[PDB]
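Novice: I would like the atomic coordinates for the input below:
(chains A and B)
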Amino acid sequence: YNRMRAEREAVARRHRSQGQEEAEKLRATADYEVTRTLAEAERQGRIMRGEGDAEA
Amino acid sequence: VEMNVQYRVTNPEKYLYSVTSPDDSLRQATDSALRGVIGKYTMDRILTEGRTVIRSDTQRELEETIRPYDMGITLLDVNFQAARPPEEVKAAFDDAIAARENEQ
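Specialist: Numbering: from 1, shown residues only, chains lettered A, B, ... in the order given. For reference, the structure is listed below:
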């Protein structure tokens, strides 16, 4: 009984680990896209700040 | 493993003058045939396709076993109830079932 229970727990743990890996990959690519958009906005803001500083 | 066997009586002379208490003899023969058939296949095949092969083979083995006794009993049909795993490891099995849903 202990051996079969251990095998079933092994299968369940493998399935959950696969799901967690997929979720982690999706979250990683989402974070990359968020960072890229924020960096683009920050670059535009820096350009505006430089324009204002030169005008002053 | 759980099964139900339904039978009827023909040739009353044989039913009364062949075997002492044919009901108990048929019960023991059914248990022996079911033991013989369940041990042939592996566990997962029993768990998944147990409704047809195991139930079907059991019927053939039961007929073959009770043929020499000549009880006069005709075997109508044997059906399926459950191939549940033992009570001690049920938690492991249903957790493994719910693991796929958790992953999704």
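Novice: elements contacting the lengthiest strand in chain B?
Specialist: The longest strand of chain B (DSSP state E) is strand B:73-82. For strand B:73-82, the packing partners by 3 or more CB pairs under 8 Å, 6 or more residues apart in numbering or on different chains; DSSP states H and E come out as strand B:2-9, helix B:22-38, helix B:55-66. Bear in mind the C-beta positions are built from the backbone N, C-alpha and C, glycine included.
Novice: In chain B, which residue sits closest to chain A?
Specialist: Here the residue of chain B nearest chain A is residue B:103; by CB to the nearest CB that distance is 2.8 Å.
Novice: Skipping its backbone neighbours, what lies nearest that residue in space?
Specialist: Nearest non-adjacent residue to residue B:103, counting by CB to CB, 6 or more residues apart in numbering or on different chains: residue A:19, 2.8 Å away.
Novice: Contacts only, for the one you found.
Specialist: Listed by CB atoms under 8 Å, 6 or more residues apart in numbering or on different chains, the contact set of residue A:19 reads B:102, B:103, B:104.
Novice: So which bits of chain B are right by chain A?
Specialist: Chain B comes close to chain A at residues B:85-86, B:88-89, B:91-93, B:95-96, B:98-100, B:102-104, as judged by CB under 8 Å from any CB of the partner chain.
Novice: Now the buried members of the residues you listed.
Specialist: B:85, B:89, B:92, B:93, B:95, B:96, B:99, B:103 (16 or more other CB atoms under 10 Å in any protein chain shown).
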